[PDB]
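Chemist: The structure is given below, and queries will be raised subsequently.
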Amino acid sequence: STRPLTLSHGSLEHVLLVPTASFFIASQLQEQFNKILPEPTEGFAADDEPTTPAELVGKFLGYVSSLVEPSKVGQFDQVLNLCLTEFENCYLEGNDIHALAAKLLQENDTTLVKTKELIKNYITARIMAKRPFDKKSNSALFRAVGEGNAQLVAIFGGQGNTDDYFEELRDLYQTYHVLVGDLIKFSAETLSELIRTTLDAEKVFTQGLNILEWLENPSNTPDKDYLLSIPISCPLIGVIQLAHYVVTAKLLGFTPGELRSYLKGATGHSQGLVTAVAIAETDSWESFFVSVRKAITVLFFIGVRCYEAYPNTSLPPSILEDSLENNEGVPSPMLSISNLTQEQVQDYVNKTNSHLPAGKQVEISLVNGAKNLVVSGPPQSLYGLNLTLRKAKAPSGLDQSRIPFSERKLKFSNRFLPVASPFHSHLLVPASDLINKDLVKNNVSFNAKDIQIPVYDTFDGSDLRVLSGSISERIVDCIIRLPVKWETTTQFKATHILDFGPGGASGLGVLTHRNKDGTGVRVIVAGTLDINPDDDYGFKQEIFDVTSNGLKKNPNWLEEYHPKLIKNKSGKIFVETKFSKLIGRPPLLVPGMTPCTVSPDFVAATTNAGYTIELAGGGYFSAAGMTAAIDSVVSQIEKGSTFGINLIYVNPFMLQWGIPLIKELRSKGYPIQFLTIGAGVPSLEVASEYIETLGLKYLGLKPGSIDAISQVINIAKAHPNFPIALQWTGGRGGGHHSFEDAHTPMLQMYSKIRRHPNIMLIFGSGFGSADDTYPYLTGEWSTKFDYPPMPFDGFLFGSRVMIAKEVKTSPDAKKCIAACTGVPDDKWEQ
Amino acid sequence: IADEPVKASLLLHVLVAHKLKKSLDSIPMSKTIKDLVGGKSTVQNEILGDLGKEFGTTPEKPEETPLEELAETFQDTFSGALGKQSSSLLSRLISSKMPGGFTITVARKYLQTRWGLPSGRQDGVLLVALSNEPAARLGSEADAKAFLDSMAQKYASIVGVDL
Amino acid sequence: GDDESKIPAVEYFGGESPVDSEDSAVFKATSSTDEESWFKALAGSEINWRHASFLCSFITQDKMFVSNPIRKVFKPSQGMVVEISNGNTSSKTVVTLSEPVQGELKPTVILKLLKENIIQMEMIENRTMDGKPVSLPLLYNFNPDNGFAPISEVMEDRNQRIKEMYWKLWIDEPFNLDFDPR
Ligand SMILES: Cc1cc2nc3c(=O)[nH]c(=O)nc-3n(C[C@H](O)[C@H](O)[C@H](O)COP(=O)(O)O)c2cc1C
Ligand SMILES: *P(=O)(O)OCC(C)(C)[C@@H](O)C(=O)NCCC(=O)NCCS
């Protein structure tokens, strides 16, 4: 016997069956909620204004929970538990709140701030209704880890990822204050104790370190200069990591030790390495606040002592001005350099170190990627290095498309990181001795017996449990002195990586994603709710989601595009690739060559041999002349044999007689398997005409540059079912060539190509044997450039078949061809 | 006054200027997105998200091309449509700054009536309004009519159409 | 490991677009029958002569490439009833389409292997002069060594075999195409 009560904002509404025993308690709240709720607008696009029924019921749960006192069970408690159970049944169809919040972002006209209100309100209600997360969630990910389909590694980032790291901690306490409220309250009083205990510590912490006060009242928060300083930033970046690890442990209804037992391993970039050894000790909610006491104590005593070893001194304003106008940021002791390989950077830091004395020298302190370094040293010295660098650097605008590749100016980024101390450098070595003596004063040691999971060292990549010496000494040494070799530490095998660390999208996770793309590893950013449009790396929701969306996998190129061998009934062996599968012949094509493949005798000798070849359209001037050529090809080839046609795109007269000729030959069932457009990539509408009207099996396209590749990809998205043959050729190819390298463009675009299963990706230029092609078929060609393997689907041989018996090329031209010694790929731009 | 669809160069300039909390003049069009945002990669990738939602397909490394060479590439496959992003940015602008009794329609009819601007130019003026958000409750209706007047005179000064 | 006997075999290698156990079955077409699913069921799983017959979009007449007539014939419409016998043994498999003919259900088409490399699609007219059904055997070479287009009309005597059918349906005389047109 329940009386319906409608709560509404403008058009959208929600009817709840409030029991008549507590209707007049609910009906007064309905009015008081309708008061605080603003005036409805079209689209509901205003902030503090719900766009969906779900986040209106949410606002009501948040408002009621505010009035409910958790200790004394008053009147509103009974209607909260009913309004919460209505919100669960109607809107949470089994999923977690984070899965719901995600679904609203991609369908409705909600915002990130609005969905963080929804989540806060739901979670606040759930704790004020005496309904803790005691039940183990059926999250697809952790279900899969139990089964053994998924291996999980937890990574923790450090400094340098964001300017305002504290806004991430504010956003945690703003949303999950009913979960982590006890962690922050413990960490604050731990720190406030450590400041009073430690000698001469209050002189560094002038404005204290009570972070509870700073999170309650944002006005009492110190300035951004105090927060960024490493005595504050170190411990509080610890706290933010542990806070994300708590929230993830509670929302899944695990104990810390339960959530840790699911991790195959943990590791940490820089000072994150501390938090990674802390969670590897954790057992249950009782002994968790002992692991945290260790992590907060270590990071604190790093910050306090690394600050005293190398204090950051005010800089001359000319340098600061020069660094801003040149787009290098505010000088710091650590300088990120993107799109330069480590030997290039190590060359530049040797030139810079030649002039400087011992104490003022810069070293490479973090090798995050292949092409993503970080140089530590004094800010004067690093400025010095930055002056040297910006001479080599190419301006932002200039088009080097018409310049040979090796003559081009290197286009790279160099920016000062937002960090106050030079971590992983020879400058902080005096500190090392002090930290070790202060960790034994507070009895903070880590034992290999307590560490349940393998925690990976940053320097060498070895597990820290197998070490002989004290773990705490190695951690401090790895943070302050030894460099980080992030590609060497992350050489673990794992299908999923959780980035707890600060930053989120700009955090350690997405950087590890870039290094590992195409090795079949999926990064989940476990500290940020958002949506990825490309959906290559997940956000927080993917952890908690219970459907199929919770367990996603990223492509493993070596395994997905592995070359295979297959054998027809006759017992003829074929290299099986994406491309050979379609055409049913080896993945080797002789491309359209003017004039080598103009000859109908060569096109037929090649097609009869077993191998696909194009008839060159560039040796014909009329439909009639090409029709007679085509009919000479057909008369000579075997029944069922096909061939293709190369048309030049920059010759519009050829296309005008050529496209209609192919269309009406294909209508009459001429064996024209495919069309290759050379010299350019068509426009979307022209390619849509060629795909739809011509009645071809596939379309070959020869992109010259990156922009051309992107234009092929766009044609492939337009017709996702139609097979495109992207024929990639460098400048080193014979005939009309480009200025481009063979390798560099593929390394960049290979990932974006492989997101389109219709694109059959064919490498050409500078090939004449199995030996020099094999590495491309396999994918090991890209392991010399410090990338994952990148297998190709087929090859083309232009120049190599110019001295065949069946080529019309005159005997003396064949002796001039054979006489050419040629060069290797390093010397072709001469 | 003739109807002209909004230029990708204008729309892109407004999206970048609005996102960075800066005036439409403080952002030079001969500058890369990674240059203007500098440090904050968080700002960079959520700008590239906004350019992905508005125009759809993007050129490679769009944060390493100046906003002119980016806008001219966007302008090819773009045609006057406000799409998803700018639509929902303008919906926020008026519901938070324009007073009650001031919807997009009333502002659209007022720009049509007083100034004589069709839908192609109305969009243009609404975008120039978004870039120089007054960040203030415009309770007084006439105050909000003086706002749209100042922005129609800004739009006129940029595009170069006399009023 | 340098062993040719570990290499997976198939009948014919080719035709597979880059985007992508029952012995005695009985499929029934409807108005809403998903055409591609229909053909995938008729084809089966083993790569053989019937896989080619039902999923190749093209066949070869001499050197030309025409639409697959076996797919056109078997295209699913209300009433159709495809019975497969010996689904597992390819050398004995017989696909037997039946349609409604004078109210009752009769065998219209009988796709099967005749020799090793000949697919015979016997098309059957039931409405004949003397009530006895008339067969038109259309013959296709099945060449697995050409995986792209393994099927091809046997164009020798195709016109005489078509004529011989039409003769039984039109002319009550002995079949003989040797008389002078003049
Ligand atoms: C003699 C010759 C003629 C060519 N003619 C054409 C042509 O008409 N159209 C085209 O797109 N490519 C043409 N190419 C380029 C080839 O299609 C292919 O890109 C190139 O030969 C590969 O490099 P490689 O020949 O060093 O193996 C020609 C190449 C050569 C050597
Ligand atoms: P943006 O897209 O350029 O983001 C890159 C980055 C912020 C993730 C990256 O530059 C970074 O974080 N590098 C800093 C290295 C580090 O994490 N710590 C340095 C202090 S030990």
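Each chain of the structure tokens is named A, B, ... in the order shown, its residues numbered from 1; ligands are numbered from 1 in display order.
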Do you know which residues are at most 12 Å from residue 105 (chain B) counting only C-alpha atoms, after dropping those on the same chain fewer than 3 positions away, and could you put them as a PDB file with N, CA and C atoms, in the first residue's frame?
Modeler:
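Contents of result23.pdb, freshly written:
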ATOM      1  N   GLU A  42      16.169  24.630 -21.878  1.00  0.00           N
ATOM      2  CA  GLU A  42      16.155  23.727 -23.064  1.00  0.00           C
ATOM      3  C   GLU A  42      17.519  23.030 -23.174  1.00  0.00           C
TER       4      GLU A  42
ATOM      5  N   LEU B  90      27.339  26.075 -26.802  1.00  0.00           N
ATOM      6  CA  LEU B  90      26.381  27.221 -26.905  1.00  0.00           C
ATOM      7  C   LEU B  90      25.190  26.994 -25.972  1.00  0.00           C
ATOM      8  N   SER B  91      24.687  25.758 -25.898  1.00  0.00           N
ATOM      9  CA  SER B  91      23.617  25.323 -24.962  1.00  0.00           C
ATOM     10  C   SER B  91      24.030  25.616 -23.513  1.00  0.00           C
ATOM     11  N   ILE B  94      24.297  29.846 -22.966  1.00  0.00           N
ATOM     12  CA  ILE B  94      23.035  30.549 -22.716  1.00  0.00           C
ATOM     13  C   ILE B  94      22.276  30.107 -21.471  1.00  0.00           C
ATOM     14  N   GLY B 101      14.173  33.220 -19.813  1.00  0.00           N
ATOM     15  CA  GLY B 101      13.397  33.858 -20.860  1.00  0.00           C
ATOM     16  C   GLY B 101      14.327  34.285 -21.970  1.00  0.00           C
ATOM     17  N   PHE B 102      15.431  33.568 -22.120  1.00  0.00           N
ATOM     18  CA  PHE B 102      16.397  33.895 -23.155  1.00  0.00           C
ATOM     19  C   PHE B 102      16.962  32.607 -23.716  1.00  0.00           C
ATOM     20  N   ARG B 108      18.182  33.870 -31.621  1.00  0.00           N
ATOM     21  CA  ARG B 108      18.209  33.613 -33.092  1.00  0.00           C
ATOM     22  C   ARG B 108      17.267  34.585 -33.822  1.00  0.00           C
ATOM     23  N   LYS B 109      16.022  34.738 -33.348  1.00  0.00           N
ATOM     24  CA  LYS B 109      14.994  35.661 -33.918  1.00  0.00           C
ATOM     25  C   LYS B 109      15.449  37.122 -33.775  1.00  0.00           C
ATOM     26  N   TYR B 110      16.069  37.480 -32.644  1.00  0.00           N
ATOM     27  CA  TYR B 110      16.567  38.850 -32.336  1.00  0.00           C
ATOM     28  C   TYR B 110      17.705  39.239 -33.291  1.00  0.00           C
ATOM     29  N   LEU B 111      18.647  38.318 -33.540  1.00  0.00           N
ATOM     30  CA  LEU B 111      19.757  38.482 -34.527  1.00  0.00           C
ATOM     31  C   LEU B 111      19.165  38.587 -35.947  1.00  0.00           C
ATOM     32  N   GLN B 112      18.088  37.838 -36.244  1.00  0.00           N
ATOM     33  CA  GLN B 112      17.340  37.856 -37.541  1.00  0.00           C
ATOM     34  C   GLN B 112      16.603  39.192 -37.707  1.00  0.00           C
ATOM     35  N   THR B 113      15.945  39.669 -36.644  1.00  0.00           N
ATOM     36  CA  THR B 113      15.082  40.882 -36.642  1.00  0.00           C
ATOM     37  C   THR B 113      15.957  42.141 -36.695  1.00  0.00           C
ATOM     38  N   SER B 119      20.912  32.154 -40.544  1.00  0.00           N
ATOM     39  CA  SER B 119      21.403  31.031 -39.688  1.00  0.00           C
ATOM     40  C   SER B 119      22.925  30.841 -39.800  1.00  0.00           C
ATOM     41  N   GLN B 122      24.219  33.871 -37.651  1.00  0.00           N
ATOM     42  CA  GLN B 122      23.706  33.691 -36.260  1.00  0.00           C
ATOM     43  C   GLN B 122      24.641  32.754 -35.487  1.00  0.00           C
ATOM     44  N   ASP B 123      24.951  31.591 -36.077  1.00  0.00           N
ATOM     45  CA  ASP B 123      25.934  30.596 -35.563  1.00  0.00           C
ATOM     46  C   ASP B 123      27.259  31.316 -35.298  1.00  0.00           C
ATOM     47  N   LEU B 126      26.998  33.719 -32.280  1.00  0.00           N
ATOM     48  CA  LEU B 126      26.869  32.858 -31.068  1.00  0.00           C
ATOM     49  C   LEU B 126      28.246  32.292 -30.680  1.00  0.00           C
TER      50      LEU B 126
END
Chemist: Up to 6 Å from chain C, what residues of chain A turn up? Count only C-alpha atoms and give them as a PyMOL selection string.
Modeler: chain A and resi 566-569+578+581-584+639-640+669-671+757-758
Chemist: Which residues, written as a PyMOL selection string, have at least one atom at most 6 Å from residue 417 (chain A), with only C-alpha atoms counted and residues fewer than 5 positions away on the same chain left out?
Modeler: chain A and resi 160+334-335
Chemist: May I have the residues within 10 Å of region 134-136 of chain B as a ChimeraX atom specification, using only C-alpha atoms and disregarding those fewer than 3 positions away in the same chain?
Modeler: /B:93,96-98,129-131,139,144,147
Chemist: Suppose we keep N, CA, C and O atoms; can you now write the selection as an mmCIF file, in the first residue's frame?
Modeler:
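Generated file (again.cif):
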data_model
loop_
_atom_site.group_PDB
_atom_site.id
_atom_site.type_symbol
_atom_site.label_atom_id
_atom_site.label_comp_id
_atom_site.auth_asym_id
_atom_site.auth_seq_id
_atom_site.Cartn_x
_atom_site.Cartn_y
_atom_site.Cartn_z
ATOM 1 N N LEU B 93 26.480 27.934 -22.682
ATOM 2 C CA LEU B 93 26.696 29.410 -22.647
ATOM 3 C C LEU B 93 25.390 30.110 -22.252
ATOM 4 O O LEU B 93 25.430 30.910 -21.313
ATOM 5 N N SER B 96 23.629 29.296 -18.727
ATOM 6 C CA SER B 96 24.352 29.747 -17.545
ATOM 7 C C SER B 96 24.565 31.255 -17.515
ATOM 8 O O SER B 96 24.667 31.840 -16.443
ATOM 9 N N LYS B 97 24.648 31.885 -18.681
ATOM 10 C CA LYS B 97 24.912 33.322 -18.725
ATOM 11 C C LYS B 97 23.678 34.118 -19.111
ATOM 12 O O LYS B 97 23.347 35.099 -18.455
ATOM 13 N N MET B 98 22.994 33.700 -20.170
ATOM 14 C CA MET B 98 21.773 34.382 -20.573
ATOM 15 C C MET B 98 20.719 34.165 -19.506
ATOM 16 O O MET B 98 20.649 33.087 -18.915
ATOM 17 N N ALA B 129 30.396 35.036 -29.240
ATOM 18 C CA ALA B 129 29.856 35.214 -27.868
ATOM 19 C C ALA B 129 30.522 34.211 -26.915
ATOM 20 O O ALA B 129 30.975 34.636 -25.835
ATOM 21 N N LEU B 130 30.584 32.938 -27.317
ATOM 22 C CA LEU B 130 31.166 31.811 -26.532
ATOM 23 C C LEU B 130 32.636 32.102 -26.181
ATOM 24 O O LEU B 130 33.009 31.866 -25.013
ATOM 25 N N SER B 131 33.428 32.589 -27.147
ATOM 26 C CA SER B 131 34.891 32.851 -27.021
ATOM 27 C C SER B 131 35.146 33.932 -25.965
ATOM 28 O O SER B 131 36.108 33.773 -25.185
ATOM 29 N N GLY B 139 21.337 38.788 -15.862
ATOM 30 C CA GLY B 139 19.940 38.968 -15.491
ATOM 31 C C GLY B 139 19.126 39.955 -16.308
ATOM 32 O O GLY B 139 18.052 39.617 -16.803
ATOM 33 N N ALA B 144 21.802 41.785 -21.864
ATOM 34 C CA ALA B 144 22.072 40.614 -22.732
ATOM 35 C C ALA B 144 21.837 40.961 -24.211
ATOM 36 O O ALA B 144 22.435 40.274 -25.053
ATOM 37 N N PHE B 147 24.996 42.802 -25.095
ATOM 38 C CA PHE B 147 26.025 41.732 -25.223
ATOM 39 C C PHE B 147 26.009 41.178 -26.658
ATOM 40 O O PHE B 147 27.071 41.212 -27.305
#
Chemist: Which is closer to chain A than all the others in B:5, B:28, B:39, B:83, using only C-alpha atoms?
Modeler: B:39
Chemist: Set the distance at 9 Å and use only C-alpha atoms: which residues neighbour region 60-73 of chain B once local chain neighbours fewer than 3 positions away are removed? I'd like the list as a ChimeraX atom specification.
Modeler: /A:396-397,706-707,710,749 /B:7-13,28-35,44-45,48,76-77
Chemist: Pick out the residues sitting within 10 Å of residue 442 (chain A), and hand them over as a list in words; count only C-alpha atoms, and ignore anything fewer than 2 positions along from it in its own chain.
Modeler: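 Skipping anything fewer than 2 positions along the chain leaves residues 194, 197, 198, 294, 297, 298, 437, 438, 439, 440, 444 and 445 of chain A.
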Chemist: Counting only C-alpha atoms and all ligand atoms, name the residues that have an atom within 6 Å of an atom of ligand 2; the answer should be given as a list in words.
Modeler: residues 157, 158, 159, 160, 161, 270, 336, 423, 506, 507, 508 and 511 of chain A; 41 of chain B
Chemist: So which residues are near ligand 1, meaning at most 10 Å away with only C-alpha atoms and all ligand atoms counted, given back as a VMD selection string?
Modeler: chain A and resid 589 to 598 614 to 619 645 to 649 676 to 680 700 to 704 727 to 738 763 to 768 795 to 802 809
Chemist: Mind checking DSSP for region 546-725 of chain A and telling me the strand (DSSP E or B) residues as an mmCIF file with C-alpha atoms, in the first residue's frame?
Modeler:
data_model
loop_
_atom_site.group_PDB
_atom_site.id
_atom_site.type_symbol
_atom_site.label_atom_id
_atom_site.label_comp_id
_atom_site.auth_asym_id
_atom_site.auth_seq_id
_atom_site.Cartn_x
_atom_site.Cartn_y
_atom_site.Cartn_z
ATOM 1 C CA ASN A 556 48.879 -8.348 -30.771
ATOM 2 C CA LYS A 564 51.667 -19.021 -41.842
ATOM 3 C CA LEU A 565 52.142 -21.880 -44.383
ATOM 4 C CA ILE A 566 49.107 -23.611 -46.000
ATOM 5 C CA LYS A 567 48.988 -26.398 -48.618
ATOM 6 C CA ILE A 573 52.819 -24.588 -50.302
ATOM 7 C CA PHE A 574 51.730 -20.908 -50.026
ATOM 8 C CA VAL A 575 52.838 -18.214 -47.555
ATOM 9 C CA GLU A 576 49.427 -17.443 -45.992
ATOM 10 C CA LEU A 588 54.206 -11.143 -54.280
ATOM 11 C CA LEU A 589 53.027 -8.633 -56.927
ATOM 12 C CA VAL A 590 54.863 -7.121 -59.951
ATOM 13 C CA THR A 612 49.806 -11.087 -59.707
ATOM 14 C CA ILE A 613 50.860 -8.217 -62.093
ATOM 15 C CA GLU A 614 49.267 -4.899 -63.278
ATOM 16 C CA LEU A 615 48.944 -3.878 -66.986
ATOM 17 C CA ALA A 616 50.395 -0.290 -67.081
ATOM 18 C CA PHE A 643 45.398 -9.553 -63.687
ATOM 19 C CA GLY A 644 45.058 -5.874 -62.743
ATOM 20 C CA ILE A 645 45.400 -2.355 -64.171
ATOM 21 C CA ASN A 646 47.570 0.600 -63.078
ATOM 22 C CA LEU A 647 46.149 4.069 -63.867
ATOM 23 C CA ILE A 648 48.155 7.258 -63.057
ATOM 24 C CA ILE A 672 40.295 -7.576 -64.180
ATOM 25 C CA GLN A 673 40.783 -8.550 -60.513
ATOM 26 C CA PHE A 674 41.788 -5.071 -59.342
ATOM 27 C CA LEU A 675 42.750 -1.484 -60.134
ATOM 28 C CA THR A 676 45.874 0.264 -58.708
ATOM 29 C CA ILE A 677 45.784 4.123 -58.707
ATOM 30 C CA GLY A 678 49.427 5.342 -58.833
ATOM 31 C CA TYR A 698 39.950 -4.887 -54.503
ATOM 32 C CA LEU A 699 41.527 -1.451 -55.066
ATOM 33 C CA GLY A 700 45.288 -0.847 -54.793
ATOM 34 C CA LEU A 701 46.362 2.672 -53.677
ATOM 35 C CA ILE A 724 42.008 -2.046 -50.076
ATOM 36 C CA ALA A 725 45.653 -2.934 -50.973
#
Chemist: Counting only C-alpha atoms, which of B:74, B:6, B:132, B:120 gets nearest to residue 58 (chain B)?
Modeler: B:74
Chemist: Kindly indicate which residue among B:125, B:152, B:142, B:43 lies nearest to residue 14 (chain B), using only C-alpha atoms for the distances.
Modeler: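 When distances to residue 14 (chain B) are compared using only C-alpha atoms, the smallest one comes from B:125.
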Chemist: To one decimal place in Å, what is the distance between CA of residue 667 (chain A) and CA of residue 626 (chain A)?
Modeler: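 Distance between the two atoms: 16.4 Å.
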Chemist: Just want the 8 Å neighbourhood of region 76-84 of chain C, counted on only C-alpha atoms, with same-chain residues fewer than 4 positions away dropped. Output as a ChimeraX atom specification.
Modeler: /C:23-31,33,35,38,42,93-100
Chemist: Can you check which residues of region 332-557 of chain A DSSP gives as helix (DSSP H, G or I) on the backbone and send them as a PyMOL selection string?
Modeler: chain A and resi 342-355+379-392+405-407+426-439+471-480+486-489+508-516+541-544+557
Chemist: Do you have the CA of residue 101 (chain C)-CA of residue 168 (chain C) distance handy?
Modeler: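 We find that CA of residue 101 (chain C) and CA of residue 168 (chain C) lie 19.1 Å from each other.
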